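**Student:** Before I ask anything, here's the sequence and the deposited coordinates:
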Amino acid sequence: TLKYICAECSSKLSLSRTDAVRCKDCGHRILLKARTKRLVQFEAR
Amino acid sequence: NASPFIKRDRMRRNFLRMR
Amino acid sequence: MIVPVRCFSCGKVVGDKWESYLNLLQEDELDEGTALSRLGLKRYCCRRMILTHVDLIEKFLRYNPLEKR
Amino acid sequence: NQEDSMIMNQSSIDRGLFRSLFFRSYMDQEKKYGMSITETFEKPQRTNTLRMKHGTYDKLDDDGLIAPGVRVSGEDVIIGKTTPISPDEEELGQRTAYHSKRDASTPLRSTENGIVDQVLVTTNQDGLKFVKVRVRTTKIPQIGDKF
Amino acid sequence: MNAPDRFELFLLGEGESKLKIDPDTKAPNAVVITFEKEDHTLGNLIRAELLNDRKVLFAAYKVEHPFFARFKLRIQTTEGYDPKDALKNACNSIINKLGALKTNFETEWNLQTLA
Amino acid sequence: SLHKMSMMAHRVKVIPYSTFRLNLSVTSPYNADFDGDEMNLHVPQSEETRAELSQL
Amino acid sequence: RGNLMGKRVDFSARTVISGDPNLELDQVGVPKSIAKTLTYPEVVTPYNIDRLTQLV
Amino acid sequence: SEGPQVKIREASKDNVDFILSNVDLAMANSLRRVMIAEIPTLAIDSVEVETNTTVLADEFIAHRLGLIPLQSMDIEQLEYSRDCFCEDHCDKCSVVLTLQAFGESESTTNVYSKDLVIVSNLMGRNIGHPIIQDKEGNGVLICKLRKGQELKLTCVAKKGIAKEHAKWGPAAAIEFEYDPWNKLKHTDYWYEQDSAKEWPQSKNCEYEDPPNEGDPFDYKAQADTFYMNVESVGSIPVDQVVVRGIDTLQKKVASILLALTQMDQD
Ligand SMILES: [Mg+2]
Ligand SMILES: [Zn+2]
Ligand SMILES: [Zn+2]
Ligand SMILES: [Zn+2]
């Protein structure tokens, strides 16, 4: 499963390929995927 | 011969003061 | 969006004078010219960096965070 | 600076003069071709998907979408999608019983690179799954930029 | 993207030498020295010091293209005087002048009180 | 490209950065400036045209 | 008119033009990326066997 | 010692005003060019981001972080990453800083450069500390946060010169003037009625006598007695900028001599 975030109530959800795309708490139909937890390198220039 | 500035940031206070 | 760290023309650090500039204007009732000179910005390249800056970060902060911890 | 050209200060550019952002959004839908053929977001495997793009699918997740914050470059697949293929169709050989899908992914623009800003998943008016992916990249003034 | 790396301005690359002296066939006792990974900072200073030498005849430098950090130095001297030796003398004069300048500044700075 | 001088043969000079570069004196035959104008380049693929291009 | 009198061709490049006072009249500055993409077929001869081999 | 003479007029932690006399124009110009573009300094080069919930992009924060001035008094004891024998970076050629800010308060919380914490072994050196040059004790305003926003990242600082990138420039604007009275006729003053009245007099005019008002043009005179005012961003003392500027120019000329000697042997 992968973790998604609701776009209105900021609820952190976990959805599978079978689960419908919607917030199980408030019902919003847009979910923002969680940011990667792996380090990303940047240059300070 | 004139004032080439849009005097602001204290004319609002100036008008609010005399009122 | 936020006060630049350095002056573009000469590289003088001006990012640590934004709060001081605002404090002088509000509390001390100083005009923009005196506040800039008080902060030590003599070259007009530095003066325009702080004088013409627009603080858009405050407007963005009005929106709620996309992700809350 | 002759003939409507100019000379810019490199030091000023380094400090952040006339340096701007650039956002590009990619749209894709899981079209359902009637009652039998349907598409899905997935990370295709070379052993089951045909016509796979020469790019790299490493950055994709199990759902076929790159998570935000990952760096992307040219030819990198951003949205992985597959659709079933009707049997009895062989192209360039290379089509064995193992293959049952064909790649329909949406790769990043060849000349553009950056970092995935956001990825939102939702449904359209018809209820079909569709997603939007945004990518950030920084544009620094150089020779040939119009001011 | 075709922007060259910024370190190419000063870092010497593979198979490249700092100096490249070749003989100038147009005039006698004249050579051309190609400086790699340098700019007007040294070309102007080296050329100016050379012009102070009485035995030096012609001294000029030019940066053909600002894109590449390299300049050419043309030195011509009187017969019997090696242009390479002329470059040796000019560089030594610059170092001695700079060394005195550093000592003078430090001594004067120590006398100051505000800083 | 309203006249023949709008198409002339140049000698390649590989340079850094993302833009073409040409002498200022040749702008007038091309009727070109550096306000954002884009220009085309064509590379011959044979010795016959390679010699023809450079000699005419 | 659109496919016979004039047609799109390969081995060509387009980009903005800039002024270089330090370039010769017959020289044109070409970006490095454009030079890498564009190619010229050179026939191998005893005179260029060594040079061509190095490029490969 | 009887060479370029110096006289300091105003000395301050950020500005030094002096007169460079008995020196050539080429030497004076090279000194300011070196002082601007070739003095090594410590600055943040690489930034690793693990959490960025802010309204600003990661590249936006990284660019600002590099511009933060860091102490570089003992920079010479540091080694260039290119000349060091290590995979990515170590304590001999880098200084690691960590920034951790969270919006624990309802009001907006400001992330200053003072929040940067060094997590490397300085080995007794005096480099890497952010420069604080204000009254409130804060540094440069890096970012602002609201409730629920976090900023976690790790910064790596390496030594370099302003030629590679302006963020390594230890000197701000440098004043440079000579012949304030235009006695060498190096400038033709644009004017409408009277050039003398239409052009303000330079402050340095007080240190030189005016023209004799009728004397013939001096064609044997050469430029000297340069007036300079060097400003520092705070990374290194302003005096060290001039002292290190002379040293760097001295090294560059010495390199040419060393290279010339090398070719003689081979
Ligand atoms: Mg035009
Ligand atoms: Zn919700
Ligand atoms: Zn400034
Ligand atoms: Zn190391």
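**Tutor:** Sure thing, it's come through. Numbers count the residues shown, from 1 in each chain, chains lettered A, B, ... in the order given. Ligands and ions are numbered 1, 2, ... in the order given.

**Student:** Which secondary structure state does residue H:156 sit in?
**Tutor:** strand (DSSP: H, G, I helix; E, B strand; the rest coil).

**Student:** Stretch C:28-39 near chain B at all?
**Tutor:** Yes. Using C-beta under 8 Å from any C-beta of the partner chain, stretch C:28-39 reaches chain B at C:29, C:31, C:32. (Each C-beta comes from the backbone N, C-alpha and C, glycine too.)

**Student:** Run through these and flag the ones next to chain F.
**Tutor:** Among those, chain F is touched by none when using C-beta under 8 Å from any C-beta.

**Student:** Just give me the closest of those to ligand 2.
**Tutor:** residue C:32 (45.8 Å; C-beta to the ion).

**Student:** How about the closest one: what's its closest non-neighbour residue?
**Tutor:** Spatial nearest neighbour of residue C:32, chain neighbours left out: residue C:51 (5.9 Å); criterion: C-beta to C-beta, 6 or more residues apart in numbering or on different chains.

**Student:** correct me, but the one you found touches residue C:36?
**Tutor:** Yes. In this structure, residue C:51 is within contact of residue C:36 by C-beta atoms under 8 Å, at 6.4 Å.

**Student:** how many neighbours does the residue of the stretch 1-150 of chain H found nearest chain G have?
**Tutor:** Going by C-beta to the nearest C-beta, chain G is nearest to residue H:33 of the stretch 1-150 of chain H, at 21.0 Å. Neighbour count of residue H:33, defined by other C-beta atoms under 10 Å in any protein chain shown: 19.

**Student:** Is the helix or strand hosting residue H:32 in proximity to chain E?
**Tutor:** Assessed by DSSP states H and E, residue H:32 sits inside helix H:25-37. Yes. Using C-beta under 8 Å from any C-beta, helix H:25-37 reaches chain E at H:25, H:26, H:27, H:29, H:30, H:33, H:34, H:37.

**Student:** Name the nearest residue to the residue most central in space within chain C, ignoring sequence neighbours.
**Tutor:** Taking C-alpha atoms, centre = their mean, the centroid of chain C lies closest to residue C:18, which sits 3.2 Å from it. Counting by C-beta to C-beta, 6+ apart, residue C:18 lies nearest to residue C:3, which is 3.9 Å off, once chain neighbours are set aside.

**Student:** For the one you found, give its distance to ligand 2.
**Tutor:** From residue C:3 across to ligand 2, the span is 36 Å (C-beta to the ion, to the nearest Å).

**Student:** Could you pull out the buried residues of the strand or helix carrying residue E:96?
**Tutor:** Per DSSP H and E, residue E:96 falls inside helix E:83-111. Within helix E:83-111, the residues scored as buried using 16 or more other C-beta atoms under 10 Å in any protein chain shown are E:83-84, E:86-91, E:93-95, E:97-102, E:104-105, E:109.

**Student:** Off-centre distance for that helix?
**Tutor:** 14 Å (C-alpha atoms, centre = their mean, to the nearest Å).

**Student:** those helices in chain D, which residues are they?
**Tutor:** Here chain D has its helices, by DSSP state H, at D:10-15.

**Student:** And the strands in the chain, which stretches?
**Tutor:** Defaulting to chain A. A:2-6, A:12-15, A:31-33, A:40-43 (DSSP state E).

**Student:** let's do chain G instead
**Tutor:** Assigned by DSSP E, the strands in chain G fall at G:12-19, G:27-31.

**Student:** Any buried residues in the first one, and which?
**Tutor:** Going back to what we said before, that points to strand G:12-19. Buried residues in strand G:12-19 (16+ other C-beta under 10 Å): G:13, G:15, G:16, G:17, G:18, G:19.

**Student:** Identify the bridge partners of the third one.
**Tutor:** When assigned by DSSP bridges, residue G:16 has beta-bridge partners residue F:38.

**Student:** and it, what does it touch?
**Tutor:** Going by C-beta atoms under 8 Å, 6 or more residues apart in numbering or on different chains, residue G:16 touches D:144, F:18, F:19, F:20, F:34, F:36, F:37, F:38.

**Student:** Out of those, list just those in strands.
**Tutor:** Among the contacts of residue G:16, the members falling in strands (DSSP E) are F:20, F:38.

**Student:** ok, of the contacts of residue G:16, which come out buried?
**Tutor:** Counted by 16+ other C-beta under 10 Å, the contacts of residue G:16 give D:144, F:18, F:19, F:20, F:34, F:37 as buried.

**Student:** if I pick the fifth one, what's in contact with it?
**Tutor:** Looking back up the chat, that one is residue F:34. By C-beta under 8 Å, 6+ apart, residue F:34 lies in contact with D:2, D:3, D:4, D:5, G:16, G:17, G:18, G:19.

**Student:** for residue 40, what are its contacts?
**Tutor:** I'll assume chain A. Residue A:40 neighbours (C-beta under 8 Å, 6+ apart): D:69, D:70, D:71, D:115, H:48, H:49, H:58.

**Student:** that's the wrong chain, I wanted chain H
**Tutor:** Here residue H:40 is in contact with H:72, H:75, H:76, H:159, H:160, H:161, H:168 (C-beta under 8 Å, 6+ apart).

**Student:** Touching, the fifth one and residue H:44? I think so.
**Tutor:** No. Look at residue H:160 against residue H:44 with C-beta under 8 Å: they stay out of range, at 10.8 Å.

**Student:** which one of those two has more residues nearby?
**Tutor:** Remark: of residue H:160 and residue H:44, residue H:44 carries more neighbours, 27 against 22, as counted by other C-beta under 10 Å.

**Student:** Would you agree residue E:76 is in contact with residue E:57?
**Tutor:** Yes. With contact defined as C-beta under 8 Å, residue E:76 and residue E:57 form a contacting pair (4.4 Å).

**Student:** Show me the common contact partners of the two, please.
**Tutor:** Common neighbours of residue E:76 and residue E:57 (C-beta under 8 Å, 6+ apart) are E:29, E:30.

**Student:** mind checking the backbone torsions on residue E:34?
**Tutor:** When quoted as degrees, to the nearest 10, the phi and psi of residue E:34 stand at phi -100, psi 120.

**Student:** tell me the contacts of it?
**Tutor:** Contacts of residue E:34 (C-beta under 8 Å, 6+ apart): E:19, E:20, E:21, E:22, E:70, E:71, E:72, E:73.

**Student:** Between these, identify the one with the most neighbours.
**Tutor:** residue E:73 (24 neighbours).

**Student:** Could you check stretch H:131-147 and say which residues are buried?
**Tutor:** For stretch H:131-147, by 16+ other C-beta under 10 Å, it's H:131-134, H:138-147.

**Student:** So it, near chain C or not?
**Tutor:** Yes. For stretch H:131-147 and chain C, the contact criterion (C-beta under 8 Å from any C-beta) is met by H:131, H:133-136, H:138-141, H:143-144, H:146-147.

**Student:** Show me how far that stretch is from its chain's centre.
**Tutor:** 21 Å.

**Student:** how long is it end to end?
**Tutor:** End-to-end distance of stretch H:131-147 (C-alpha to C-alpha, to the nearest Å): 28 Å.

**Student:** longest helix of chain F?
**Tutor:** Per DSSP H, chain F has its longest helix at helix F:47-55.

**Student:** And the contacts of that one?
**Tutor:** Helix F:47-55 is contacted from outside by F:9, F:44, G:43, using C-beta under 8 Å, 6+ apart.

**Student:** now those: which count as buried?
**Tutor:** Looks like the contacts of helix F:47-55 have none buried, using 16+ other C-beta under 10 Å.

**Student:** Lovely, talk soon.
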